[PDB]
Amino acid sequence: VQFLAXX
Amino acid sequence: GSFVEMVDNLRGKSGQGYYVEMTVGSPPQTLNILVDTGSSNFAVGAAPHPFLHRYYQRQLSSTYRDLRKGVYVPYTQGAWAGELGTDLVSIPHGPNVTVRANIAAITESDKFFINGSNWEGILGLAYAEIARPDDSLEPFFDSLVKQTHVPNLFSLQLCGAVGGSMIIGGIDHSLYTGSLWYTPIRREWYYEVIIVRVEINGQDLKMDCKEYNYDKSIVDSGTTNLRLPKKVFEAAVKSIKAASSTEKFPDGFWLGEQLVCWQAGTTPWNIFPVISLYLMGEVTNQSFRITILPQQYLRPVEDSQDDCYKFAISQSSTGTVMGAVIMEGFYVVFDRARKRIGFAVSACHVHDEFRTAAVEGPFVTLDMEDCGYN
């Protein structure tokens, strides 16, 4: 899995 | 120990994250929730989806309060859109409390839910700075700490091949061996830390430490791999290849594009090197190191009499991500109250009769303050 893009 | 009822409260499938049961609304609706220290939104599927066995039904919850606001969260991979509200939330194998928390009801999604993962939502455990829509949406753990007596600390034991423990409000000493070593949380957004040195089989990778943390290094239970900045990845692979030269593998293996399989139970762990990350310590010029085995960075793929593996160190353009590859070696204490993260050798980590994961110190490392990106 690959969890936050951005932040 | 006193936290015994929280032990073994995590489940999962390899490479698909770890989840905990959370009970939402009234009457109770229990759902499986992926534990993600790399984001800050609590969100649950709230409409049917081919990959969901169950979902949050807001109309059935008497305590649901609509916030009349949409919310959208994109991840490195995957995204979802939903609707904000608050409701009662308990963790039945967690702390003995009930809080009113923000919840994003996921109504549409893209490449988020995973066929057969058994989870239906995500628990973002990082800080408000990175919450969507903005930092005014209080994350779950913030609500827990503000509304209750529960100490501002949780800890994670992720046991790979899946299960593990999320201890909430403290630490359970059965979950590790040896000593806990702490590294500072550099800034409260992601769980950001500073890597000061990298070794492969004891050999210094010899890159400027600023490279290791460009543009950040984070601890992220919601990411499977150890992800490394491009320049660091390239150097690491070259060194790992050199250390494992008794066997050759295709280029695509090191790129995670090709799998290699061995007859069941014959995987030559011994030919692959150990990898150490040194982390900034709590005292000036003092560091410690964590060391993982190929059992951590070579991941079994699901899944005959053949054990297939994917190389789970990969390239990043957003800094270092210490995902399950790192975390499965260790009991990891997210000591928010003292703004530090602790590591100790995990009592459940996968190893062999020859090598074990390790957490060792102290070492002397100068100018560690300069390693961080500004």
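Numbers in chain B come straight from Swiss-Prot, and the residues shown are 58-218, 231-372, 376-446, in order.
Heads up, header says this was done by X-ray crystallography, 1.8 Å.
Even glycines carry a Cβ here, placed using N, Cα and C.
According to Swiss-Prot, the features are:
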- B:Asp93: active site (ACT_SITE)
- B:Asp289: active site (ACT_SITE)
- B:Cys216-B:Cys420: disulfide bond (DISULFID)
- B:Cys278-B:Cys443: disulfide bond (DISULFID)
- B:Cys330-B:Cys380: disulfide bond (DISULFID)
- B:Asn153: N-linked glycosylation site (CARBOHYD)
- B:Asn172: N-linked glycosylation site (CARBOHYD)
- B:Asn354: N-linked glycosylation site (CARBOHYD)
- B:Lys126: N6-acetyllysine (MOD_RES)
- B:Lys275: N6-acetyllysine (MOD_RES)
- B:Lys279: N6-acetyllysine (MOD_RES)
- B:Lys285: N6-acetyllysine (MOD_RES)
- B:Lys299: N6-acetyllysine (MOD_RES)
- B:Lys300: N6-acetyllysine (MOD_RES)
- B:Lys307: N6-acetyllysine (MOD_RES)
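Here the features listed in Swiss-Prot are painted onto the structure.
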residue  : record                      : CB count, 10 Å
B:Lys126 : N6-acetyllysine             : 11
B:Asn153 : N-linked glycosylation site : 11
B:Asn172 : N-linked glycosylation site : 7
B:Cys216 : disulfide bond              : 19
B:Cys278 : disulfide bond              : 20
B:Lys279 : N6-acetyllysine             : 12
B:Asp289 : active site                 : 29
B:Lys299 : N6-acetyllysine             : 12
B:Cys330 : disulfide bond              : 14
B:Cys443 : disulfide bond              : 21
- Please name which of the recorded positions listed here, B:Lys126, B:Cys278, B:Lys299, B:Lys307, B:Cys420, is nearest in space to B:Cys330 (disulfide bond), Cα against Cα. B:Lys307
- Note on the structure: Counting Cβ atoms within 10 Å of each Cβ, the densest environment among the recorded positions B:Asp93, B:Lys285, B:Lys300, B:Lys307, B:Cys380 belongs to B:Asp93
- Name the recorded positions, out of B:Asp93, B:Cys216, B:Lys279, B:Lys285, B:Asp289, that lie close to chain A, meaning a Cβ-Cβ distance under 8 Å, keeping sequence order and answering 'none' if none do. B:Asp93, B:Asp289
- Message: Distance between the Cα atoms of B:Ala218 and B:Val231, in Å as an integer, please; the 12 residues between them are unmodelled.
- Response: 6
- Cβ neighbour count within 10 Å of B:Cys420 (disulfide bond): 16
- Nearest of the recorded positions (B:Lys299, B:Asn354, B:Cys380) to B:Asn172 (N-linked glycosylation site), judged by Cα-Cα distance: B:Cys380
- Query: Highest CB neighbour count within 10 A among the recorded positions B:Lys275, B:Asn354?
  - Reply: B:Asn354
